[PDB]
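Novice: Pasting a structure below so you can have a look.
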Amino acid sequence: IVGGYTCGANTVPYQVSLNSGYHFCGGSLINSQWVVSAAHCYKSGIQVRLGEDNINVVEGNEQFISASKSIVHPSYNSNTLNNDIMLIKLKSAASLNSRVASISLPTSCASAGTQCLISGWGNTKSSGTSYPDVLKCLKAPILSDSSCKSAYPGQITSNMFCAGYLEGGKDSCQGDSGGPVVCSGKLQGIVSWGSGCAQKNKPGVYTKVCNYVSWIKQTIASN
Ligand SMILES: NC(=[NH2+])c1ccc2nc(-c3ccccc3O)[nH]c2c1
Ligand SMILES: [Ca+2]
């Protein structure tokens, strides 16, 4: 996250870290045995880490659980990142309390102007790299579809939305992919892509979760 603030330990209780020997993507806990992330974060041998604040120090609230299966969206296109969403089922259910809790899926799609909370352990610099060990947060608004398509002509589909600042300085970044965009207590987006990070007129682009609720619910119900 570039230009964000330190969230504070376990203040984002649905945030997970996907680990394959190291943190490589974020994710959101949607129930005690399922995590939603970005399809471009897919790989085999994923261990889901819940209750994390400092990903390099075991502080006491962590739950490390392996994935039993991953399901990438049937229409995911890795060249355009359209339908960039995946589901991960945990080998055992996590123990939910105040520091590890699931986030609700939305009943309605959020509108431009909505302020949301984006979080992750991604790079905090726009030029250069500095990866933080504790969770960073950013409050940002969803932008109009007009501003979004104008910033990325020919690349935005109906399954994506932009959120951020056209002025730059604040954005999600590499290492934040797969994480949550929560607006009014509902998971409305998944950190998906951007052109660099925090650059002027290049806001972050997110998977529009409201368009996948039926698929998520039907998938969980049968697996
Ligand atoms: N600017 C942004 N909002 C952004 C967000 C997530 C990203 N994730 C990446 C990324 C880059 C290389 C490999 C995987 C990634 O998720 N770039 C990203 C950029
Ligand atoms: Ca830790």
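All of the numbers you see were taken from the coordinates with simple rules; none came from a lab. Positions of Cβ are generated from backbone atoms using ideal geometry, with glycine treated the same way; all protein chains shown enter the neighbour counts.
Novice: Give me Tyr152, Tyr22 ranked fewest to most by other Cβ atoms within 10 Å of their Cβ, as a rough exposure proxy.
Specialist: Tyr22, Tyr152
Novice: If you scale each eigenvalue of the Cα gyration tensor by 5 and take the root, what three semi-axes come out for the chain, rounded to whole angstrom and sorted largest first?
Specialist: 25, 20, 15
Novice: Residue separation times 0.36 nm, minus the C-alpha to C-alpha distance between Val134 and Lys43: what's the value?
Specialist: Details: separation 91, 0.36 × 91 = 32.76 nm, distance 2.36 nm.
Full extension of this stretch gives 30.4 nm more.
Novice: Now for a separate question. With the crude spin-label approximation of a point 7 Å out along Cα→Cβ, what separation in nm comes out for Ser144 versus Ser68?
Specialist: Distance between the two pseudo-spin positions: 4.8 nm.
Novice: To the nearest 0.05, what FRET efficiency results for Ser78 and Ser98 with a Förster distance of 41 Å applied to their C-beta separation?
Specialist: 0.65
Novice: Straight-line reach from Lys139: which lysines have a Cα under 25 Å away, not including same-chain ones fewer than 8 places off?
Specialist: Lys125, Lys149, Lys170, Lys186, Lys200, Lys202, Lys208
Novice: While we're here: Give me the net charge for the shell around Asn31: Cβ to Cβ below 13 angstrom, other residues only, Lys and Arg +1, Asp and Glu -1.
Specialist: With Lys, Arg at +1 and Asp, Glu at -1, the neighbours total +2.
Novice: Right, another one. Using each residue's phi in the range 48-54, evaluate 6.51 cos²θ - 1.76 cosθ + 1.60 at θ = phi - 60° and report the 3J(HN,Hα) Karplus result to the nearest Hz, with x for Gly and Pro.
Specialist: Karplus values, whole Hz, x for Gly and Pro: 9, 10, 9, x, 8, 10, 8.
Novice: Would you tally the net charge around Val100, using a Cβ to Cβ cut-off of less than 12 Å, leaving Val100 out, and scoring K and R as +1, D and E as -1?
Specialist: Local charge sum for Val100: -1.
Novice: May I ask you to give the average projected area over all directions of the convex hull of the Cα atoms of the range 16-80, in nm² rounded to one decimal? Working shown, then result.
Specialist: Details: hull surface 19.7 nm².
Seen from a random direction, the Cα hull of the range 16-80 projects 4.9 nm² on average.
Novice: Find the centroid of the Cα atoms in the range 190-223 and in the range 71-90, then give the distance between the two in whole Å.
Specialist: 9 Å
Novice: For the pair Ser214 and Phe24, how long in nm is the line joining their label points, each one 7 Å along Cα→Cβ?
Specialist: It works out to 3.3 nm between the two label points.
Novice: Would you list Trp215, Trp193, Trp121, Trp34 from fewest to most Cβ contacts within 10 Å?
Specialist: Ascending number of Cβ neighbours within 10 Å: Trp215, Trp193, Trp34, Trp121.
Novice: Using a 7 Å offset from the Cα along the Cα-to-Cβ direction at both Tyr5 and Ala112, what is the distance between the two label points in nm, to one decimal?
Specialist: Calculated label separation equals 2.8 nm.
Novice: How far is the Cα center of the range 7-45 from the Cα center of the range 112-185, in Å?
Specialist: So the separation of the two Cα centres works out to 17 Å.
Novice: Continuing with the same structure: Straight distance only, please: which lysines reach the Cα of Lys89 with their own Cα at less than 19 Å, same-chain residues fewer than 8 apart left out?
Specialist: Excluding near neighbours in sequence, the set is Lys43, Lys69, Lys217.
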